[PDB]
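Single chain ahead, written as structure tokens, the form deposited in one PDB entry.
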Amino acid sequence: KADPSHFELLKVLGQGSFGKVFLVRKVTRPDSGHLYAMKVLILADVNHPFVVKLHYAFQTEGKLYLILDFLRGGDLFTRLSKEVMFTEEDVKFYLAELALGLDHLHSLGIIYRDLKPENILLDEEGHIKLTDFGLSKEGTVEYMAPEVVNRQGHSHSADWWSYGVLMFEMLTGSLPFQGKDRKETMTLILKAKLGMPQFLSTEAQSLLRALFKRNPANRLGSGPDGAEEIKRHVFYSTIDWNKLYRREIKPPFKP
């Protein structure tokens, strides 16, 4: 049965505001030799095509180990940093898959508080995998929804706002609301004052305005059909969700 000695450390992939992550290799059968991402430290075991998979979970005194998929494709922030902005084609694909994974987490009563390009990883194929979720009861200020800035609540709706921020950042290379310091940024989010860059298609602009509604109740995704509201938006017209789910759609970018 399970034990940290069953995994040899290869490299310290990194560390966040909630632990450290290592690239490990299991030395015990039946998956001996297999590479995994080990995190050392709230529902953590989710099964979905676009949500990172938890393979093992054990507690070594003082800390809890989490063995997850090792995603080789890096993160969206890193790729954004290099490309400075994605084409709408690429954005539509990444956001479509994120929509499915996000809606699924929601069904499980999970709020994706830390939604941002940094937490969206790509596998060797190019399909995304959401990571660092699991919070049911609760960061990067630029991605905070207005009801969250004003501590007026934090529901599934807040995730759709953040989803809109991610779309804007991937399409323009810039954040929609940002000031000189955290305080100015929070104040800018509250006004929900937004200039639409002119190179954005009318479909993209429409989806963005629907997502950036100050009131969580009028924001796209706030029922009745919930997530279906967004999946049925004209921006995703050319998207076949069935095949997307089956990872049938060929990703724009490959690593």
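When you see a residue number, it is the position in the sequence shown, counting from 1. Basically, rigid core = biggest C-alpha set you can superpose within 1.5 Å across the two forms.
There is another form of this protein, the form deposited in another entry, and it is not shown here; the text below is about that form.
The one residue among 177, 112, 168, 161 whose Cα position changes by 2 Å or more between this form and the one not shown, with the core held fixed by superposition, is 112. Annotation for residue 225: C-alpha shift of 2 angstroms or more between this form and the one not shown, rigid core superposed. The pair residue 183 and residue 114 is at least 3 angstroms closer at the CA level in the other form than in the present model.
By 3 Å or more, the C-alpha separation between residue 131 and residue 224 shrinks in the other form relative to the form shown here.
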